[PDB]
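Please read the structure below before turning to the comments.
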Amino acid sequence: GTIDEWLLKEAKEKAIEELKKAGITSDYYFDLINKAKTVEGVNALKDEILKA
(Lines of atoms letter the chains of each structure in order from A and count residues from 1; the text may use other names and numbers.)
(Lines give C-alpha, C1' and ligand atoms only; values in the text may rest on other atoms or scores of the structure.)
Protein backbone atom coordinates (compact mmCIF):
# COMPACT_ATOMS: atom_id res chain seq x y z
CA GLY A 1 0.00 0.00 0.00
CA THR A 2 2.80 2.40 0.92
CA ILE A 3 5.78 3.43 -1.20
CA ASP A 4 8.08 1.37 1.00
CA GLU A 5 5.72 -1.60 0.64
CA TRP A 6 5.74 -1.02 -3.11
CA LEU A 7 9.53 -1.24 -3.13
CA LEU A 8 9.40 -4.33 -0.91
CA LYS A 9 6.76 -5.79 -3.22
CA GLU A 10 9.35 -5.38 -5.98
CA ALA A 11 12.04 -6.79 -3.70
CA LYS A 12 9.98 -9.94 -3.16
CA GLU A 13 9.39 -10.56 -6.87
CA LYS A 14 12.84 -9.56 -8.08
CA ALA A 15 14.84 -11.60 -5.58
CA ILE A 16 13.33 -15.01 -6.29
CA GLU A 17 13.90 -14.67 -10.03
CA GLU A 18 17.43 -15.80 -9.23
CA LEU A 19 16.03 -18.86 -7.45
CA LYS A 20 13.98 -19.65 -10.55
CA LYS A 21 17.25 -19.57 -12.50
CA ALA A 22 18.83 -21.68 -9.77
CA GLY A 23 16.25 -24.43 -10.28
CA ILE A 24 14.38 -23.68 -7.05
CA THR A 25 10.65 -24.43 -7.08
CA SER A 26 9.95 -24.67 -3.35
CA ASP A 27 6.80 -22.61 -2.80
CA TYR A 28 7.29 -22.98 0.95
CA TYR A 29 10.40 -20.80 1.12
CA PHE A 30 8.93 -18.50 -1.52
CA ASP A 31 6.16 -17.91 1.02
CA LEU A 32 8.63 -16.84 3.70
CA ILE A 33 9.67 -13.76 1.73
CA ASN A 34 5.99 -12.85 1.68
CA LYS A 35 6.03 -13.10 5.46
CA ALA A 36 9.14 -10.92 5.18
CA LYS A 37 7.33 -7.66 5.91
CA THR A 38 10.84 -6.22 5.81
CA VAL A 39 13.13 -5.92 2.79
CA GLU A 40 16.04 -7.29 4.83
CA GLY A 41 13.97 -10.37 5.66
CA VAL A 42 13.40 -11.19 1.99
CA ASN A 43 17.13 -11.12 1.28
CA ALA A 44 18.09 -12.87 4.51
CA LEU A 45 15.55 -15.66 4.03
CA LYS A 46 16.37 -16.22 0.37
CA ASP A 47 20.10 -16.10 1.10
CA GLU A 48 19.91 -19.64 2.46
CA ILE A 49 18.08 -20.83 -0.66
CA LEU A 50 20.28 -18.94 -3.13
CA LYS A 51 23.39 -20.36 -1.48
CA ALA A 52 21.79 -23.78 -1.04
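Note that the deposited numbering numbers the sequence shown so that position 9 is 9, with each residue one more than the last. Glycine included, C-beta positions come from ideal geometry on N, C-alpha and C.
Apart from sequence neighbours up to five positions away, the residues of its chain that approach residue 32 with a beta-carbon distance below 7 Å are 45, ordered along the chain. When the Cα atoms are used, residue 19 and residue 51 turn out to be separated by approximately 10 Å. Only exposed fits residue 7, as fewer than 16 other CB atoms lie within 10 angstroms of its CB. A residue is called buried when at least 16 other Cβ atoms come within 10 angstroms of its Cβ; residue 3 does not meet this threshold and is exposed. Counting along the chain, residue 51 sits inside no alpha helix (DSSP H), nor does DSSP assign it H or E at all.
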